[PDB]
Amino acid sequence: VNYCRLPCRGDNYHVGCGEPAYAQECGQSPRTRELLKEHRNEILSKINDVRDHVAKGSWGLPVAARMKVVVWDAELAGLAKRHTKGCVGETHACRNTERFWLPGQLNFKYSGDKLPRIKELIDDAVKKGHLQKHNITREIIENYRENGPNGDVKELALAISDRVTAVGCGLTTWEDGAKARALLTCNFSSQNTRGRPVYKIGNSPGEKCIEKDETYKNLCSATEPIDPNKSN
Ligand SMILES: CCCCC/C=C\C\C=C/C=C/C=C/C[C@@H](O)CCCC(=O)O
Ligand SMILES: [Pr+3]
């Protein structure tokens with residue numbers, strides 16, 4: 001759609017409006033990086049692996065009643081890509097779409113002497129989020145607080161939201177401060193709501209799916225009619 005004509009509460013500019021430009025903050029060697037089919041599958045795979053483990057009742061975390069298999073969203077991905085071109089993690093830009101009224105977003109910054117391959121950047125972000133299982137409590141799951149803590153849970157808690165139905169990421173790499181740098185941004189179809197459950201508890205995993213998936217046995221299939229625009 002036309003993002004310059006899709007308003008949002010707060011009336012902030014939309015990340016998607018106008019022509020794509022690289023931010024000055026990107027220095028003078030920025031390059032946007034295409035997440036190819038294998039990159040999108042790896043991302044989907046890791047996010048669905050962990051959703052399946054958690055919904056199972058892993059880490060004493062409660063069992064999940066209706067946690068869905070996630071799909072890639074090209075629209076979210078475009079907005080993510082476009083966001084990385086600003087070379088900055090946090091902005092007040094709007095990023096809503098017609099389908100996903102309040103998309104969550106995660107940003108993974110990298111800084112080092114050398115630039116790792118795209119796959120290595122993704123595994124870094126996967127590793128970072130995975131490492132928060134040492135931080136996420138069932139308390140957090142019953143009643144989302146982001147801080148907390150100690151310590152950080154936002155990344156992992158967003159990957160296991162049962163309101164989330166779709167993800168889309170983008171990547172820009174550049175050079176500044178004598179370091180190779182990268183911003184990896186993932187937009188999600190939904191977001192965790194402060195004070196509300198990350199996902200709804202059950203006795204059996206997926207006991208509330210119309211249809212459980214055949215690969216991620218503890219999750220609802222791709223066609224589960226979850227509303228990503230309602231919170232828990
Ligand atoms: C672009 C990356 C998006 C990051 C989203 C945030 C967190 C997802 C993080 C980790 C997923 C890890 C999967 C690990 C292996 C799999 O067997 C999961 C179970 C391992 C375990 O139970 O500790
Ligand atoms: Pr292509």
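We count ligands from 1, going down the list as the structure has it; atoms in each ligand are counted the same way. Numbering starts at 1 and runs along the sequence shown.
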Open item on the list: Using a 4.0 Å cutoff against the non-hydrogen atoms of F108, which atoms of ligand 1 qualify?
Closed with: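 Close to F108: 4 (C).
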- [ ] Would you mind running through ligand 1 and noting each atom that sits below 4.0 Å from a heavy atom of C186?
- [x]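 Those qualifying, in numeric order: 1 (C).
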Open item on the list: Yes or no, since that's all I need: does a protein heavy atom fall within a distance strictly under 4.0 Å of atom 22 (O) of ligand 1?
Closed with: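 Yes, there is a protein heavy atom closer to it than 4.0 Å.
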Task: atom 15 (C) of ligand 1 protein-contacted (non-hydrogen atom, under 4.0 angstrom) - done: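 It does not: no protein heavy atom is found less than 4.0 Å away from atom 15 (C) of ligand 1.
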Quick one: nearest non-hydrogen protein atom to [atom], plus distance?
{"atom": "atom 17 (O) of ligand 1", "answer": "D49 CB, 4.7 Å"}
{"atom": "atom 6 (C) of ligand 1", "answer": "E155 O, 3.7 Å"}
{"atom": "atom 7 (C) of ligand 1", "answer": "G129 CA, 3.7 Å"}
{"atom": "atom 5 (C) of ligand 1", "answer": "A159 CB, 4.0 Å"}
{"atom": "atom 2 (C) of ligand 1", "answer": "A125 CB, 3.8 Å"}

Open item on the list: Please work out, at 4.0 Å between heavy atoms, whether the side chain, the backbone, both, or neither of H130 comes within that distance of ligand 1.
Closed with: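 Both the backbone and the side chain of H130 come within reach of ligand 1.
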- [ ] Please work out whether any backbone atom (N, CA, C, O) or any side-chain heavy atom from C-beta onward of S58 is under 4.0 Å from ligand 1, and answer side chain, backbone, both or neither.
- [x]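 No part of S58 comes within reach of ligand 1.
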More than 12 heavy atoms of other residues, nucleotides or ligands under 6.0 Å from [atom1] of [X]: is that the case?
{"X": "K81", "atom1": "NZ", "result": "no"}
{"X": "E139", "atom1": "CD", "result": "yes"}
{"X": "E25", "atom1": "CD", "result": "no"}

TODO: Mind checking the CG-NE2 spacing from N48 to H53? Nearest 0.5 Å is all I need.
DONE: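 Those atoms lie 14.5 Å apart.
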Open item on the list: Nearest 0.5 Å, please: how far is CD1 in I201 from CD in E207?
Closed with: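 Going from CD on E207 over to CD1 on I201, the span is 10.0 Å.
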- [ ] Consider only side-chain heavy atoms of I, L, V, M, F, W and Y, link residues closer than 4.5 Å, and tell whether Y22 and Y110 are in one cluster.
- [x]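 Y22 and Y110: separate clusters.
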Task: Verify same cluster id: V198, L156 (apolar side-chain graph, 4.5 Å) - done: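 Looking at the clustering, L156 is in the same group as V198.
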Task: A77 backbone acceptor or donor facing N187 side chain under 3.5 Å - done: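 No; judged by distance alone, with no hydrogens or angles, the pair does not exist.
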Open item on the list: Which option wins on minimum heavy-atom distance to atom 11 (C) of ligand 1: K133, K127, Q132, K46?
Closed with: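 Ranked by closest heavy atom to atom 11 (C) of ligand 1, first place is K46.
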